[PDB]
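Read through the structure below, which is laid out as structure tokens, and then see the notes.
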Amino acid sequence: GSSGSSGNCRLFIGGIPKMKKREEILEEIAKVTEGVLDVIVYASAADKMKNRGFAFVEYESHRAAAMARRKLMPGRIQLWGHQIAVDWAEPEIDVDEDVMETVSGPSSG
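Those letters in the sequence shown? Residues 1 to 109, per the entry's author numbering, in order.
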């Protein structure tokens, strides 16, 4: 079960208040970064359950996320006055082997 799960693209957004919900985060992101499809939150049927201060941002365009992080990487943009940081979600994809001609459907080789 090697690691990879090469597919969609999500940005690691850490350093945000729990008072906010995936609903708010998405918006605050739709401005700081253009190209966001949707935002996901990790928590037990409740964002303010484990006191987690982070959120996931899925970008339709694999790049939309790569170029969206370089904008918040330096921490130039803050959310609700709170500092935020962007990190590469995927730990290790299958780019080493296949990084070009990204295809989502091996149906026909």
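Every residue, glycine too, gets a C-beta built ideally from N, C-alpha and C.
Proximity below 8 Å, CB of residue i to CB of residue j
i           : j   : result
residue 140 : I13 : What is shown of the chain runs 1 to 109, which leaves residue 140 out entirely.
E23         : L37 : no
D47         : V41 : yes
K20         : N51 : no
Span separating the alpha-carbon of residue i from that of residue j
i    : j   : result
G7   : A30 : 21 Å
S104 : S5  : 12 Å
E58  : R10 : 4 Å
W88  : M73 : 11 Å
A43  : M49 : 7 Å
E92  : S3  : 7 Å
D98  : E90 : 15 Å
Range covered by the beta strand (DSSP E) that runs through residue i
i   : result
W88 : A85 to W88
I93 : It is not in any beta strand (DSSP E) - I93 carries neither H nor E in the DSSP assignment.
Strand pairing of residue i, partner residues [DSSP]
i   : result
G14 : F54 and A85
Ranges of the beta strand (DSSP E) found wholly within the stretch 31-78, counting only runs of at least 3 = 36-40 and 54-59
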